[PDB]
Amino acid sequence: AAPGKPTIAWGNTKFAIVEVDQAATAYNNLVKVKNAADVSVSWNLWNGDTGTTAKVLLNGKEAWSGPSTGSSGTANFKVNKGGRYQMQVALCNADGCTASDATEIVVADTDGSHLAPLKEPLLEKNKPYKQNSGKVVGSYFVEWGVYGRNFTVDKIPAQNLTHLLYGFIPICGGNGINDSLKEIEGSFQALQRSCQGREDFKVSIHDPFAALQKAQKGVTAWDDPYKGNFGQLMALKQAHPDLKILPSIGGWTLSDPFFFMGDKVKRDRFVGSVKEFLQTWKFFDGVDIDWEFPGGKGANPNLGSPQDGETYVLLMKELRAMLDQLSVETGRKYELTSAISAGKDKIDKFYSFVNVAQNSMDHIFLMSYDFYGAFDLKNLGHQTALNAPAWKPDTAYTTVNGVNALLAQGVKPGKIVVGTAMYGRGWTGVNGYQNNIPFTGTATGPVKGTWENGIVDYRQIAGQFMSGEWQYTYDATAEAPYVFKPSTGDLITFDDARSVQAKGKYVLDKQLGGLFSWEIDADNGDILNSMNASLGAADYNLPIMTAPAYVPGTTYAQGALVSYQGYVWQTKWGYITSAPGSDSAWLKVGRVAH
């Protein structure tokens, strides 16, 4: 008859097509891409005929066959597609095959095919919306927000986004190549660590720990290959497969290397390293280029050339060609996007190049914000307004001026995605102002910020600065709110649900492409809610315990027990710096004796 039923032996059941080293600090030592995972299974049949053939099956489909040589066996075989499989062993002879009970294996891959959907409840004021607008609704998630800002991927209101942008993927290079990074403590050094033994002008990951290694919800375990932001983004992709997740190369302090890419040798190296990046990290859907800025006047006062416009056009063409080739190899569609200045000097000269490059690009992210801020204590104004204010109708830097200038140069309007701000910029000691318009005065310094000087999370504006000592006024001509504390001259300019709605309605009239925002962590929900609504979407007992007092600033290992606000808490995973209750990493386990 058919052989007896074999029993799979206890063994490892977690495997990876792309491996990640968890202690690695350099990108070259961090990830190894394989064609398949090497899977192994052992089994026994302690009594009976062991048959002449052994088979391994994954979800019933045969993965391996070999001779059955006794009451014990091992098989090694390759799995080239990620997922969770039900593995069985079958012993066979001429009378048939007898299969084992299923043992489940996990084969990891950077598309997330091994992960359950990260489908998280909406937090704070976020409301559910149905993506029928047809427009872009995008936001930026910062790699480093998982620390002080305490904002991880599981907190993203992903269902209300069409695009999620990941800031920022860096370009390798030391002195002369990333000098701007030196203005941030430890940031330049962190990039050198990451690029050890890696060619300059290749992309890397700025913070491998935050991106891949730090335990986060749903990706907590030492032998979970992808943790941190990449792992969660992969799970998120499982939950929202139409969400476009783009890596964003550049930004304010990581833009310097673009200025060297007039050299095609360097540019080809960069473009290739990007193709490799998207091949290593399959959950990404394309690339966003945030060169601040072609021609100069970014962070670095020594960088900028008129050659840069041409260089920008070439970079976008070559990237498009790369993604086209990559689409051939993988069958997938890829998006190429860029964020461009909404208004500086000679932006009209740059916009002509945008007109040439627009057919390489799916969307243009118009950075219609940072028009004013603590970087100018003498000329105050609305940092992200739609129009000019009554008191200065000739204000150069407004959303509408940026959009008109682009259109004037022949940029198709459907490409144009208008920027909204989830932060305010602000000043202190505003004085010498007429008509109770604080913007007509001058300032003595930056407003005290949430994390850095002169910049305030919208959540803190709404939470703390809209009342009491503060006056909340909406400029219906500019379409721009501000709050003002006359006792101290504190003045903050920002976006709110009303001004966001003005932008969204404007987008609908002018047939522009949608809205995007910076940065998702700083919203309380009102901004993203208004972004969706205005673009057309519509609505949808514990045991007494004892434990040391939680100490802010302490980094806790898994299983720590702290007392905090009358309860005893427990970290569900490691590397926790947040206060208990502020995220899903703490578990309420006890009461403190009152």
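Note that residue numbering begins at 1 and tracks the sequence as displayed.
Gap between residue 540 and residue 541: 10 or more deposited residues without coordinates. Look at the C-alpha B-factors of 149 to 157 and of 355 to 363. On average they run higher in 355 to 363. The deposited model assigns a higher average Cα B-factor to 407 to 415 than to the other stretch when 278 to 286 and 407 to 415 are compared. Highest CA B-factor among 82, 231, 424, 128, as stated in the entry: 128. Reading the B-factor column for the CA atoms of 200, 111, 457, 348 in the entry, the top value corresponds to 348. Ranked against the other modelled residues of its chain, the C-alpha B-factor of residue 206 as given in the entry falls in the lowest third. Among the modelled residues of its chain, residue 574 has a C-alpha B-factor that falls in the lowest third according to the deposited record. For residue 268, the recorded CA B-factor ranks within the middle third of the chain. Only modelled residues enter the ranking.
Among all modelled residues in this chain, the alpha-carbon of residue 580 has a temperature factor (C-alpha) in the highest third. Looking at the C-alpha B-factors along this chain, the one for residue 566 belongs to the highest third.
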